[PDB]
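Structure first, then comments.
Bear in mind these aren't lab numbers, they're just calculated from the coordinates by the rules spelled out. Here Cβ is always computed from backbone atoms with ideal geometry, including for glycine, and neighbour counts include all displayed protein chains.
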Amino acid sequence: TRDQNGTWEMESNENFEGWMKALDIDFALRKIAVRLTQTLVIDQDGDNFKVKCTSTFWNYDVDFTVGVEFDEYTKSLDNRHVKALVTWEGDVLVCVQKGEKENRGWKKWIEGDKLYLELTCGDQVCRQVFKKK
Ligand SMILES: *C/C=C(C)/C=C/C=C(C)/C=C/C1=C(C)CCCC1(C)C
């Protein structure tokens, strides 16, 4: 399944600090972020996605179209410009964000009732798992 639409609750977060540190997020914000429960809400309609991440203190939202490059400003995350592209490799949704950081992007896939999210930046890999609400 390519179907990622739904509300998803984080169950596992490995190397969450290493990835944020790779992006140079402020130590004070990382210290609090590592404690927070996260929810992902995904609306998928053909190529068009709307992804909302939420936690008590900070959110992150991004819209994109699969297969269409977009010049992204990463906003309150790390205030950088990247050239983002999201495509499918089999049933894995793959985002590459070309820019200052090497190996920057993510991969999103479903295994049964679970959504797996691998976030990358430099030499760091953060692996997350969510269960569908
Ligand atoms: C496709 C799903 C993606 C790309 C999920 C992205 C989620 C984030 C970039 C999360 C950012 C957050 C922090 C770095 C600090 C705490 C609050 C979060 C979870 C919104």
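Okay, residues lined up against (1) within 26 Å of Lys132 (Cα to Cα); (2) more than 9 Å from the ligand (Cβ to nearest atom); (3) of a type in the set (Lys, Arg):
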| position | (1), (2), (3) |
| --- | --- |
| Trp19 | yes, no, no |
| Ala33 | yes, no, no |
| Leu36 | yes, no, no |
| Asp43 | yes, yes, no |
| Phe57 | yes, no, no |
| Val62 | yes, no, no |
| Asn79 | no, yes, no |
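Being under 14 Å from the mean Cα position of the chain (by Cα) and either closer than 17 Å to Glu118 by Cβ or hydrophobic (A, V, I, L, M, F, W, C) (or both) narrows it down to one of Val41, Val68, so name that one.
Step by step, each of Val41, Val68 is checked, and only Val41 is under 14 Å from the mean Cα position of the chain (by Cα) and either closer than 17 Å to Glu118 by Cβ or hydrophobic (A, V, I, L, M, F, W, C) (or both).
Suppose the filter is hydrophobic (A, V, I, L, M, F, W, C), more than 10 Å from the ligand (Cβ to nearest atom), in a strand (DSSP E or B) and in contact with an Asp or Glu (Cβ under 7 Å, 6 or more places away or on another chain); does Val94 pass it?
Spelling it out, it is not the case that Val94 is hydrophobic (A, V, I, L, M, F, W, C), more than 10 Å from the ligand (Cβ to nearest atom), in a strand (DSSP E or B) and in contact with an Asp or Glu (Cβ under 7 Å, 6 or more places away or on another chain).
Select from the range 97-106 the residues that are surrounded by 17 or more Cβ atoms within 10 Å (Cβ to Cβ) and not in a loop (DSSP other than H, G, I, E, B) and write down the one among them that is nearest to the ligand (Cβ to nearest atom).
Looking at the filtered set, the residue picked out is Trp106.
Residues are listed down the side, and each one gets a yes or a no for (1) over 20 Å from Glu17 (Cβ atoms); (2) of a type in the set (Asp, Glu); (3) within 14 Å of the chain's Cα centre (by Cα):
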position	(1), (2), (3)
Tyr73	yes, no, no
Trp88	yes, no, no
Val94	yes, no, yes
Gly105	no, no, yes
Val129	no, no, yes
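Out of (1) touching a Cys at 6+ places or on another chain (Cβ under 8 Å); (2) within 12 Å of the ligand (Cβ to nearest atom); (3) not charged (D, E, K, R), what's the single condition that is false for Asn15?
(2)
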